[PDB]
Amino acid sequence: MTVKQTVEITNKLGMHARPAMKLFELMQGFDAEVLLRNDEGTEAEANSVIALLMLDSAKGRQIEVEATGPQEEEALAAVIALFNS
């Protein structure tokens with residue numbers, strides 16, 4: 001059913017890497033295509049660390065999370081708890 005949400009960072013959308021990178025390494029756990037973007041117009045497909053570096057400038061912005069696959073919720077929901085920190 002796809003899942004997508006806009007997580008307002010407090011100053012760390014996991015952008016850093018470890019957590020945002022877990023999506024990917026964890027994606028191997030959740031079958032889902034989690035998409036990370038900033039309402040700013042910055043778009044990052046959970047897997048393009050380069051793209052994640054983009055939202056790094058986040059710090060206050062808001063991210064739009066979108067996952068799609070069997071476990072897109074657990075995945076997007078796992079980041080969220082992370083995006084939500």
# chains A, B, ... in the order shown; residues from 1 in each chain; ligands from 1
$ residues_around --residues "residue A:2" --least-positions-apart "5" --cutoff "8 Å" --atoms "only C-alpha atoms" --output "ChimeraX atom specification"
/A:66-69,72-73
$ residues_around --residues "residue A:10" --least-positions-apart "3" --cutoff "8 Å" --atoms "only C-alpha atoms" --output "PyMOL selection string"
chain A and resi 13+59-60+84
$ closest_residue --among "A:82, A:32, A:55, A:20" --to "residue A:70" --atoms "only C-alpha atoms"
A:32
$ closest_residue --among "A:35, A:85, A:29, A:42" --to "residue A:56" --atoms "only C-alpha atoms"
A:42
$ closest_residue --among "A:17, A:6, A:22, A:12" --to "residue A:40" --atoms "only C-alpha atoms"
A:6
$ select_by_dssp --residues "chain A" --states "alpha helix (DSSP H)" --output "PyMOL selection string"
chain A and resi 18-27+49-56+72-83
$ write_last_selection --atoms "N, CA and C atoms" --output "PDB file, in the first residue's frame"
ATOM      1  N   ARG A  18      24.957   6.182   9.247  1.00  0.00           N
ATOM      2  CA  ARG A  18      24.684   4.951   9.995  1.00  0.00           C
ATOM      3  C   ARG A  18      23.200   4.552   9.951  1.00  0.00           C
ATOM      4  N   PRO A  19      22.308   5.351  10.485  1.00  0.00           N
ATOM      5  CA  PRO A  19      20.848   5.012  10.492  1.00  0.00           C
ATOM      6  C   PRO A  19      20.221   5.069   9.099  1.00  0.00           C
ATOM      7  N   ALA A  20      20.466   6.168   8.403  1.00  0.00           N
ATOM      8  CA  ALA A  20      19.929   6.338   7.066  1.00  0.00           C
ATOM      9  C   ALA A  20      20.508   5.284   6.139  1.00  0.00           C
ATOM     10  N   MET A  21      21.677   4.773   6.502  1.00  0.00           N
ATOM     11  CA  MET A  21      22.316   3.741   5.717  1.00  0.00           C
ATOM     12  C   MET A  21      21.771   2.384   6.133  1.00  0.00           C
ATOM     13  N   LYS A  22      21.204   2.331   7.337  1.00  0.00           N
ATOM     14  CA  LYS A  22      20.612   1.096   7.822  1.00  0.00           C
ATOM     15  C   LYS A  22      19.446   0.733   6.912  1.00  0.00           C
ATOM     16  N   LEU A  23      18.700   1.752   6.494  1.00  0.00           N
ATOM     17  CA  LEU A  23      17.590   1.563   5.582  1.00  0.00           C
ATOM     18  C   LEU A  23      18.014   0.587   4.505  1.00  0.00           C
ATOM     19  N   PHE A  24      19.165   0.887   3.927  1.00  0.00           N
ATOM     20  CA  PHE A  24      19.723   0.091   2.856  1.00  0.00           C
ATOM     21  C   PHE A  24      20.144  -1.292   3.355  1.00  0.00           C
ATOM     22  N   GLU A  25      21.077  -1.309   4.293  1.00  0.00           N
ATOM     23  CA  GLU A  25      21.551  -2.569   4.844  1.00  0.00           C
ATOM     24  C   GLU A  25      20.406  -3.296   5.518  1.00  0.00           C
ATOM     25  N   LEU A  26      19.447  -2.530   6.015  1.00  0.00           N
ATOM     26  CA  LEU A  26      18.289  -3.118   6.657  1.00  0.00           C
ATOM     27  C   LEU A  26      17.269  -3.476   5.590  1.00  0.00           C
ATOM     28  N   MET A  27      17.276  -2.721   4.498  1.00  0.00           N
ATOM     29  CA  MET A  27      16.376  -3.007   3.399  1.00  0.00           C
ATOM     30  C   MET A  27      16.559  -4.471   3.055  1.00  0.00           C
ATOM     31  N   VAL A  49      23.655   7.222  -0.809  1.00  0.00           N
ATOM     32  CA  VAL A  49      24.307   8.000   0.242  1.00  0.00           C
ATOM     33  C   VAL A  49      24.603   9.409  -0.249  1.00  0.00           C
ATOM     34  N   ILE A  50      24.923   9.519  -1.533  1.00  0.00           N
ATOM     35  CA  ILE A  50      25.220  10.789  -2.137  1.00  0.00           C
ATOM     36  C   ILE A  50      24.000  11.685  -2.031  1.00  0.00           C
ATOM     37  N   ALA A  51      22.848  11.084  -2.271  1.00  0.00           N
ATOM     38  CA  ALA A  51      21.594  11.799  -2.199  1.00  0.00           C
ATOM     39  C   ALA A  51      21.293  12.167  -0.753  1.00  0.00           C
ATOM     40  N   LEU A  52      21.644  11.270   0.164  1.00  0.00           N
ATOM     41  CA  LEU A  52      21.423  11.522   1.575  1.00  0.00           C
ATOM     42  C   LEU A  52      22.320  12.661   2.035  1.00  0.00           C
ATOM     43  N   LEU A  53      23.508  12.752   1.454  1.00  0.00           N
ATOM     44  CA  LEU A  53      24.402  13.841   1.803  1.00  0.00           C
ATOM     45  C   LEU A  53      23.703  15.153   1.463  1.00  0.00           C
ATOM     46  N   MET A  54      22.892  15.096   0.412  1.00  0.00           N
ATOM     47  CA  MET A  54      22.145  16.262  -0.047  1.00  0.00           C
ATOM     48  C   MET A  54      21.269  16.831   1.073  1.00  0.00           C
ATOM     49  N   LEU A  55      20.403  15.992   1.640  1.00  0.00           N
ATOM     50  CA  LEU A  55      19.512  16.438   2.714  1.00  0.00           C
ATOM     51  C   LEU A  55      20.298  16.755   3.984  1.00  0.00           C
ATOM     52  N   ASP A  56      21.574  16.390   4.007  1.00  0.00           N
ATOM     53  CA  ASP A  56      22.411  16.658   5.171  1.00  0.00           C
ATOM     54  C   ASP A  56      22.202  18.093   5.607  1.00  0.00           C
ATOM     55  N   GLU A  72       7.779  -2.045   3.692  1.00  0.00           N
ATOM     56  CA  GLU A  72       8.055  -0.617   3.532  1.00  0.00           C
ATOM     57  C   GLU A  72       7.699   0.150   4.786  1.00  0.00           C
ATOM     58  N   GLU A  73       6.788  -0.387   5.569  1.00  0.00           N
ATOM     59  CA  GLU A  73       6.389   0.283   6.790  1.00  0.00           C
ATOM     60  C   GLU A  73       7.483   0.146   7.840  1.00  0.00           C
ATOM     61  N   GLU A  74       7.888  -1.088   8.115  1.00  0.00           N
ATOM     62  CA  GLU A  74       8.937  -1.338   9.096  1.00  0.00           C
ATOM     63  C   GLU A  74      10.180  -0.527   8.755  1.00  0.00           C
ATOM     64  N   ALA A  75      10.452  -0.447   7.466  1.00  0.00           N
ATOM     65  CA  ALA A  75      11.615   0.273   6.960  1.00  0.00           C
ATOM     66  C   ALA A  75      11.467   1.766   7.170  1.00  0.00           C
ATOM     67  N   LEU A  76      10.422   2.339   6.608  1.00  0.00           N
ATOM     68  CA  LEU A  76      10.165   3.763   6.755  1.00  0.00           C
ATOM     69  C   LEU A  76       9.865   4.078   8.217  1.00  0.00           C
ATOM     70  N   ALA A  77       9.229   3.129   8.886  1.00  0.00           N
ATOM     71  CA  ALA A  77       8.870   3.283  10.291  1.00  0.00           C
ATOM     72  C   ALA A  77      10.098   3.175  11.188  1.00  0.00           C
ATOM     73  N   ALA A  78      11.129   2.505  10.691  1.00  0.00           N
ATOM     74  CA  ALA A  78      12.354   2.333  11.463  1.00  0.00           C
ATOM     75  C   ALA A  78      13.222   3.573  11.326  1.00  0.00           C
ATOM     76  N   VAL A  79      13.146   4.200  10.161  1.00  0.00           N
ATOM     77  CA  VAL A  79      13.898   5.415   9.920  1.00  0.00           C
ATOM     78  C   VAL A  79      13.245   6.529  10.707  1.00  0.00           C
ATOM     79  N   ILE A  80      11.927   6.588  10.588  1.00  0.00           N
ATOM     80  CA  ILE A  80      11.140   7.587  11.265  1.00  0.00           C
ATOM     81  C   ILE A  80      11.531   7.639  12.706  1.00  0.00           C
ATOM     82  N   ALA A  81      11.367   6.535  13.393  1.00  0.00           N
ATOM     83  CA  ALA A  81      11.782   6.505  14.771  1.00  0.00           C
ATOM     84  C   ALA A  81      13.184   7.065  14.834  1.00  0.00           C
ATOM     85  N   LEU A  82      13.875   6.999  13.692  1.00  0.00           N
ATOM     86  CA  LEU A  82      15.210   7.531  13.611  1.00  0.00           C
ATOM     87  C   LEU A  82      15.138   8.969  13.128  1.00  0.00           C
ATOM     88  N   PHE A  83      14.272   9.211  12.147  1.00  0.00           N
ATOM     89  CA  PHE A  83      14.089  10.552  11.645  1.00  0.00           C
ATOM     90  C   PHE A  83      13.498  11.381  12.765  1.00  0.00           C
TER      91      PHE A  83
END
$ select_by_dssp --residues "chain A" --states "strand (DSSP E)" --output "PyMOL selection string"
chain A and resi 3-8+35-38+42-45+62-67
$ atom_distance --atom1 "atom CA of residue A:7" --atom2 "atom CA of residue A:41"
14.2 Å
$ atom_distance --atom1 "atom CA of residue A:45" --atom2 "atom CA of residue A:58"
15.5 Å
